[PDB]
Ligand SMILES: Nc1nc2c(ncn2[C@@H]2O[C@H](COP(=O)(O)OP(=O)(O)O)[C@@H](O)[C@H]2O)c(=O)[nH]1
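First, one chain by itself in structure tokens, the form solved without the named molecule.
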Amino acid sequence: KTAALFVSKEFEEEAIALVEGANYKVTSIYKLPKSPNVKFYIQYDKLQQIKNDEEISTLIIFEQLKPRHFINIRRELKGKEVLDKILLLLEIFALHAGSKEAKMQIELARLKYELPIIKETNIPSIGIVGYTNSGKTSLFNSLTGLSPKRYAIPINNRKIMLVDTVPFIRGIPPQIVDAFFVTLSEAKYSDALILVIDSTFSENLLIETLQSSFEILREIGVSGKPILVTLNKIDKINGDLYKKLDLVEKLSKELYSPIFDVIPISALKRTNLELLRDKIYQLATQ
């Protein structure tokens, strides 16, 4: 399932991750029209370009489109799929959804958002949490060897259920707030959690990401559950590791308890994944 993405240079990092995570292939990428169109939001010529390309099956614009935009765009594409930020996020929610209640909440938001468009015409369970593009999915895939979003991997002689929960999202549209939390709250069930953090950030950003990640966990009601913090993407660090490791370790234990451990990793390069496996086992045994 291919896709054409229209995202700003700033949110492009976020969008690409979300798109790929939604089982979509990023076949094309475009900027944001300085002055968005009134009828189609994107310029008509580009729209026709998307229409005239058998290699594109889904148009994705990382913004909130008005019903008239969907009406006109769909009226032009006639056969291809069109998605905005809200529809994209909802699709992702449904993928990570594990409970029926979550399914319904997600579908409810989708319907409420789609109506106006047609109107105007014992095995332990570990939950991997963190912001998108923190390496979460990559970490999950590296451990599983893989879109299950919930795979039980054998470590030593113990079988462990890994759950790639819905990623933390910044700037969540009010419409899908309920659907999001109901989906994320599925993490409360997990016996333990793996908090994934992007190490590439600076100190000011690391502190923010940590405080935000833990804040969100409090918001859903996570308490007393063992949390293993993994400093991911150490392969793309243009600085020092221990300095950030000690910072993260200290700040985490100040913001939450119990903290099982804090280890640096690299989902892509497999760096320290064997150590992670060991720590996951020690946690499972515990």
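One-based numbering along the sequence shown.
The following text describes the form deposited with the named molecule bound, which does not appear among the structures shown.
- For the options 235, 53, 249, 63, the residue carrying a heavy atom within 4.5 angstroms of the named molecule in the deposited bound form is 235.
- For the residues 133, 105, 209, 190, the 4.5 Å heavy atom test against the named molecule in the deposited bound form is passed only by 133.
- Not displayed here, the named molecule is kept clear of residue 263 by more than 4.5 Å at the level of heavy atoms in the deposited bound form.
- Among heavy atoms of residue 137, some come within 4.5 Å of the named molecule in the deposited bound form.
- In the deposited bound form, the named molecule sits within 4.5 Å of a heavy atom belonging to residue 17.
- Mapping the unseen interface onto this chain, residue 267 counts among the residues with a heavy atom inside 4.5 Å of the named molecule in the deposited bound form.
- Contact with the named molecule in the deposited bound form, defined as any heavy atom within 4.5 Å, is confined among 227-235, 24-32, 240-248, 42-50 to 227-235.
- Annotation for 191-224: no interface residues with the named molecule in the deposited bound form [heavy atom within 4.5 Å].
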